Amino acid sequence: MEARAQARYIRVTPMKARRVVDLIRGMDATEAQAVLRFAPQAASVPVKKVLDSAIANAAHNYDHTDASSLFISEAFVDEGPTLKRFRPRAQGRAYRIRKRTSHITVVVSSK
Amino acid sequence: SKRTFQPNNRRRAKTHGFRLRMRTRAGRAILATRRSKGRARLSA
Amino acid sequence: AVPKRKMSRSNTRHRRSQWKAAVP
Amino acid sequence: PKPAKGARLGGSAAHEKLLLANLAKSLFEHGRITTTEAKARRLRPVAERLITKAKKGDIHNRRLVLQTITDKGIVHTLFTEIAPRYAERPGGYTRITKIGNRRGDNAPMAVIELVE
RNA sequence: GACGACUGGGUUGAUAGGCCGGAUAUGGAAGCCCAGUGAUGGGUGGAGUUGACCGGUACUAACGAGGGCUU
RNA sequence: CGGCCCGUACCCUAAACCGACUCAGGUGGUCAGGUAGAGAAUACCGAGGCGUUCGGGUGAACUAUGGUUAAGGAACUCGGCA
RNA sequence: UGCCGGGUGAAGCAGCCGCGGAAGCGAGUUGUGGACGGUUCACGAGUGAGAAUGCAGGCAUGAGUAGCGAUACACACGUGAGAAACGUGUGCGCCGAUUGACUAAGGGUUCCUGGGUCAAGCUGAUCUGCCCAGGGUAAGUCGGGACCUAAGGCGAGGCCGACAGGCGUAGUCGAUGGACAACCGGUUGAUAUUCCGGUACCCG
RNA sequence: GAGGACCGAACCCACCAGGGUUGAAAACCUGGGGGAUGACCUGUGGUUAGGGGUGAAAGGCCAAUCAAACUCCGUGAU
RNA sequence: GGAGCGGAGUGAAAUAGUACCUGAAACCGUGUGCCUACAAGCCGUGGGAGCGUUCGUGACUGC
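The rules behind each value
- Residues numbered from 1 in each chain as written, not as in the entry; some residues may be left out.
- Chains lettered and ligands numbered in written order.
- Part of a larger assembly, values for the part shown.
- Heavy atoms only, no water.
- UniProt positions renumbered as here; feature names shortened; annotations may be inferred.
- Contact = heavy atoms within 4.5 Å.
- Buried area = accessible area lost by both parts, 1.4 Å probe.
- Salt bridge = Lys/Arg side-chain N within 4 Å of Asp/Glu carboxyl O.
- Polar contact = N/O pair within 3.5 Å; in protein donor to acceptor, adjacent residues only side chain to side chain.
- Nonpolar A, V, L, I, M, F, W, Y, C, P; charged D, E, K, R; others polar.
- Near = heavy atom within 4 Å.
- Helix = DSSP H or I, 4+ residues; strand = E, 2+ residues; numbered from the N terminus.
- Buried < 20%, exposed > 50% of the residue type's maximum accessible area, 1.4 Å probe, protein only.
- Pairing = 2+ DSSP bridges.
- Core = buried A, V, L, I, M, F, W, Y, C linked by side-chain atoms within 4.5 Å.

- As deposited, the entry is annotated with cryo-EM as its determination method and 3.13 Å as its resolution.

- Looking at the PDB entry, one finds chain D named Large ribosomal subunit protein bL17, with Streptomyces fradiae ATCC 10745 = DSM 40063 as its source organism.
- Listed in the archive, the entry goes by the title "Structure of the 50S ribosomal subunit from the antibiotic-producing bacterium Streptomyces fradiae".
- The UniProt entry for chain D carries the following text under Sequence similarities (unreviewed entry): "Belongs to the bacterial ribosomal protein bL17 family."

- If you check the PDB entry, chain A appears there as Large ribosomal subunit protein uL22 from Streptomyces fradiae ATCC 10745 = DSM 40063.
- Under the UniProt heading Subunit (unreviewed entry), the entry covering chain A gives this text: "Part of the 50S ribosomal subunit."
- Reading the Sequence similarities (unreviewed entry) entry of the UniProt record for chain A gives the comment "Belongs to the universal ribosomal protein uL22 family."

**Observations regarding the interface of chain A and chain C**
Piece 1. Contacts between the two partners involve 7 residues from chain A, matched on the other side by 6 residues from chain C.
Piece 2. Carbon and sulfur atoms make up 82% of the surface buried where chain A meets chain C, a total of about 620 Å² over both sides.
Piece 3. Together, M15(A), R19(A) and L23(A) form the three largest contributors to the area buried by chain A at its contact with chain C, with a combined 70%.
Piece 4. Our count for the chain A to chain C interface comes out at 0 salt bridges.
Piece 5. Here chain A is connected to chain C by 0 residue pairs in polar contact.
Piece 6. Residue classes in the side of chain A that touches chain C are distributed as 4 nonpolar, 1 polar and 2 charged.

**Description of the protein's contact with RNA strand G**
Piece 1. Near RNA strand G lie 39 residues; those nearest to it are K84(A), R15(C), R16(C), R102(D) and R103(D).
Piece 2. Counting only the atoms of RNA strand G that lie within 4 Å of the protein, the sugar and phosphate share comes to 84%.
Piece 3. The separation between a sugar or linking oxygen of RNA strand G and a polar side-chain atom of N22(D) is 3.1 Å.
Piece 4. Going through the elements one at a time, α1 (14–21) and β3 (83–88) of chain A, α1 (9–13) of chain B, α1 (9–16) of chain C together with α1 (13–30) and β1 (32–36) of chain D are the ones with two or more residues in the surface near RNA strand G.
Piece 5. Per-element accounting of the surface near RNA strand G gives the leading share, 8 residues, to α1(D).
Piece 6. The residue makeup of the surface near RNA strand G, split by class, is 9 nonpolar, 13 polar and 17 charged.

**What about the protein's contact with RNA strand F?**
Piece 1. Taken together, 18 residues surround RNA strand F, and among them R93(A), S1(B), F5(B), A7(D) and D105(D) come closest.
Piece 2. Each atom of RNA strand F within 4 Å of the protein was assigned to sugar, phosphate or base; sugar and phosphate come to 62%.
Piece 3. A distance of 3.2 Å separates a base nitrogen of RNA strand F from a polar backbone atom of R89(A).
Piece 4. Between RNA strand F and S1(B) there is a distance of 3.1 Å, counted from a base nitrogen to a backbone nitrogen or oxygen.
Piece 5. Counted by class, the surface near RNA strand F contains 7 nonpolar, 5 polar and 6 charged residues.

**As for unusual backbone geometry**
Piece 1. The residue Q91(A) is not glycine, and still its phi comes out positive at about 60°.
Piece 2. By the element assignment, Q91(A) lies in the loop between β3 and β4 (94–99).
Piece 3. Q91(A) sits in the exposed class, given a relative accessible area of 74%.
Piece 4. Positive phi values are uncommon outside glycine, yet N106(D) reaches one of about 55°.
Piece 5. Examined against the element boundaries, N106(D) turns out to sit in the loop between β2 (94–101) and β3 (108–114).

**Focus on the pairing of β3(D)**
Residues and elements named next belong to chain D.
Piece 1. Among the 7 residues in β3, 5 count as buried, and that is most of the element.
Piece 2. Sheet topology places β1 next to β3; 5 bridges connect them, and they run antiparallel. The residue of β3 that forms the bridge with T34 is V111.
Piece 3. Across 6 bridges, the pairing between β2 and β3 is antiparallel. Bridge pairing in β3 places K98 opposite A110.

**Here's the deal with the nonpolar core**
Piece 1. Counting residues in each nonpolar core, the largest one holds 26 residues, and the members touching the most others are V21(A), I24(A), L51(A), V106(A) and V108(A).
Piece 2. Secondary structure elements with two or more residues in this core: β1 (3–10), α1, α2 (29–37), α3 (44–60), β2 (70–79) and β5 (102–110) of chain A.

Below, the structure is given as structure tokens:
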């Protein structure tokens, strides 16, 4: 019953996103929302916003309204287009700073 | 401390100005060789 | 000090595994 | 109350005194405030001591409370509205409840209120 | 005790705070009265304030077995 | 009755100028209150302004800026450097 | 140049199965791809890279590490999808020969209103000196020009110099100086010695 | 009531120490320190240009570069 | 909230979606077969048991 959504170009570094997505692999869909709800990390907000699209797609598109037999089948974060800007530092030099992005994908399947 | 560029428009038009470039024939070559190279701002 | 060599993939990943969040 | 180990709240010993004094001002003004967990723990013994002094009620104690809360209006309510309420209760005048972490700096917050 | 960790307690509860008392520390509160032209002094009174030390007191907050085989 | 042209916003001991930066630096001149004090020093205030430009805790070693040290008093050190 | 292939799927890329003594090959095959290739004999070469502290682009390691740029903010309410940072109120602290109010130089629209939160802000943002649209600077008396000249510059003729060019007279420019007539109060979101009110002054 | 006079803020400077040293800063910060009516400091406008300028003289300074600046050209120098 | 995405639709083709023909390598992930916590390793090579969606891995041992 694989239904999935994903957010692309989400402005949070891939490692910081993986820190949270590695909690929500293979648990009940609702039980995963109740974990991202009470999660200190700031990446848990975009991730839970994608976890809700997956359930919304499962209910609407494929007519699996009951969102309690679902578990996270797949969830992974892919690298995204990095932005590059500079920073003035001591003695006239400049060090680069990369503002990384990520592509978060979540897949819910029936148990 | 005090850096090596204190802007002053008056003193930058009496030194690199167009009127000054047209006074010395050595300076009119600078103007002409910038016209031929195609620059937009032809003199300071 | 400065890194003497590029850290091998095995050694890099041994460490980043330790940078994990805890289930609430 | 016993002093704090380690770094003082607000970055200085002077700031701490005025910080805890004004928090007590607000707690008596509204009866309940939401603030950082560490600040709530420091504020409990200070506020409870002030209530103890207000229970006695005499002019001398009113000076003593005034050394901490410079506001005469707040002290009036403390001696004439709050202290009568706690006439019978022997201590433990404040209740501390933990809430979720704050957004932005993930500081653990808490509610401290006067026990009804 | 850097953080983990270690130790004790978790309503069958004195773990911490508060509240009562002590011990300590300073050293004679505020108000009132008396004396003095005044600065000040005397009485009420080893007073008032007071943290960590001490005794009381519930008022506040307390994943993990089903035993391999051979001799 | 006529009296022309340019400037007139905004910043200016600075987040808008010169330093590549919202940079602990530099930037001519004018205004200049109260109390103590000789004073434009210094302490607290006025007119007026600021608290936004990463935070919350936690008594580790250690580093830096401050503070106090019994008895001795340069015995330290190249040197009373601090 | 002769002979051939191609929407019945060419080049290129990724495999699988075979082949050669090497550089390598397959008119074998599969997937991707979607319009150009194979081969005989010759002919030409910007014809083969792993190193030059080589050059350009992308991406790693150091590492979720150092730093986040000099003293204090707290609470209540509000807006809001979301608030430690945005608004309002209260309190507390700091500057105050200045963390206040102006001006020249410089900058050049950063000023005001409304809207936005993708890029920027060493976090955050509903906020911004950011982005978009619109608006805003009023002079007979303020500063300067139409008045004067200093240091100095240019310079008709002119002198000197092979050429280029150097100097300089009359003159003409050149404020940082001289001469010259307006003060108080009010107003807008943004301007005021400029507009408005009162009373003045100067030249024709 | 004179002074290249005395003490001492502004202003100019940089003797000592600590910090900073991939810094807040390609020369600064903190506390002391020197001059502080003069050979002083400073604004505006001028002016001296490379084997040359200027220099109370250190080969110092001449746009973060000076025992001979910088740019283009000879030039693909050797 | 938006961004973005899942269905749907256009298209011959939507991992051709205005970040867009082809889409290599470095680099980053998910799943999966094997090995790996008494071991000294220019990380390969010869011998070799075992396990498994000739092939993949490689206990142990020689160089």
